């Protein structure tokens, strides 16, 4: 069987809903949909948006109103849902969904943005570490893992149009890039890079200066899998033509027998 997973930072779920997100959803027909940056209060979202037919939905909102939050729609009944690493400061921000689908755990993570201050760069980097711990523990216990979402970092120079200009900016600091190196080094694989080695493949573009249409962007959204499981991924692609947010969606297809 083929299983299709889509990840998308929607930059506010009401914003894209007004833009016809539900129509794109019914067109795309993923088995599981992972969303980052919901912003809205789940209980007071449109009923049509909470209960889309054929899917069970899960919302993990931040404590702060109108901020962060993630969500998962799934055709597959999950055998558990965990919403944190069990570390207070990392679990109150609405960044974490870990869903068990038997063949694999699926991590839907909105990784912190480090731009706004030095405090938040530290917080991001330490979130990186807590996530590595968590996924390693699950992986060593024998679970296959799929990790998707917005990492807020471009891995290599190939992953953003403007590498030199940003070597000093959060999202392309050598500290952040080393963590991804270390993460990969721990037995995890950047799925998109299994199939496509071309530059100019991006998932986020600045709203300012017509950047998307000039294709001056970054790859911030990844699907990762543990090494053992990699032979199950048939494809990993970028849905470049889907608009409505400063991020575009990314797809994963896995084959399971």
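Here, rigid core means the biggest group of C-alpha atoms that superpose within 1.5 Å across both forms. Residue numbers count along the first chain shown, from 1.
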| query | finding |
| --- | --- |
| Stretch farther from the shown model on average in 4 other deposited structures of this protein, with CA RMS computed after core superposition (209-217, 54-62) | 209-217 |
| Mean C-alpha temperature factor, higher of 25-33 and 65-73 | 25-33 |
| Per the entry, higher mean C-alpha B factor between 124-132 and 164-172 | 164-172 |
| Ranked C-alpha temperature factor of residue 152 among modelled chain residues, by third | lowest |
| Residue 158 - which third its CA temperature factor falls in, relative to the rest of the chain | highest |
| Residue 221 by Cα B-factor - lowest, middle or highest third of the modelled chain | lowest |
| Lowest, middle or highest third - CA B-factor, residue 194 | highest |
| Chain-wide C-alpha B factor ranking for residue 116, given as lowest, middle or highest third | highest |
